[PDB]
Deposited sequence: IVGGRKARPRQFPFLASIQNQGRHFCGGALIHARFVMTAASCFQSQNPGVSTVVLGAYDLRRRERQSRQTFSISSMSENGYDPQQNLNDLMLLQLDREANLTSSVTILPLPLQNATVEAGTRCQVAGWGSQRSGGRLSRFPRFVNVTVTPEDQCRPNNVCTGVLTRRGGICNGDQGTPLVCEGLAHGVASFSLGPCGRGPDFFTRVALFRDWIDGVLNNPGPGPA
């Protein structure tokens, strides 16, 4: 996250740290006791919930999981289309003060331009920079459709540099308490704008289908 502020422990209790061999590479959100929502672009990884400082064990706060299955709905890498993925955890996460579920918008809900949201993550402060050991967050504003695309929800900041960066991909965009977006991409210098998030409301019905039909799918 660029142009943000250090979060306090448990400030964003739904946050997920997706790691590869213990290295954080993407963010996500717990949207169900058994599922974490992230970006398809991000994809033996593990999912870490309840984390604060990436470099600390935090045994009494963290919950770690293996991914039992992954689901996507027409993801297209070339067009950055439908960049959304659901990771089924190896078991149910326990809901604690440090691990909570982030509610979703109803199918087709909208967020008008100018709506205030927040985005939090462990991403870097500049392209190619180091990750942030603590979670950081920034206030963002939904942009005019004209600056975005139907498949996404776009935001910007008032400052010259603020928004997502390396490692924030997959982290949720939270507006009016709901996960309206999934960090997908941003072009040029991080914070320049606008940030592109997959529009979650477009996938509500599909997500529901996944949540209600747990399992690895056809074998």
Check your understanding: In sequence order, which deposited residues have no C-alpha?
Key -> 44-49
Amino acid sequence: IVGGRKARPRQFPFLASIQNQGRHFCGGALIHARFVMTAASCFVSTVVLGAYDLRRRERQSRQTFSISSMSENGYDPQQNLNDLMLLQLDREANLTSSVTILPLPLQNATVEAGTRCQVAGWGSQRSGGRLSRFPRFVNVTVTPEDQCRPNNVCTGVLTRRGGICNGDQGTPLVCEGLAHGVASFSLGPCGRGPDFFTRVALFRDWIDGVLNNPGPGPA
From here on, numbers count along this sequence of modelled residues.
Check your understanding: Where do the C-alpha atoms have the higher mean temperature factor in this entry, in 145-153 or in 114-122?
Key -> 145-153
Review point. On average, are the C-alpha B-factors higher in 58-66 or in 154-162?
Key: 154-162
Practice item. Pick out which of 36, 51, 182, 42 has the highest C-alpha B-factor in the PDB entry. Key: 42
Exercise for review: Check the PDB entry and point out which of 79, 107, 139, 132 has the largest C-alpha temperature factor.
Suggested key: 79
Point to revise | Where the record places residue 30 (Cα B-factor, split into thirds across the chain) | key: lowest
**Study point:** Third of the chain's Cα B-factor distribution that residue 93 belongs to, per the entry
**Key:** middle
Review point. Residue 186: which third of its chain by C-alpha temperature factor?
Key: highest
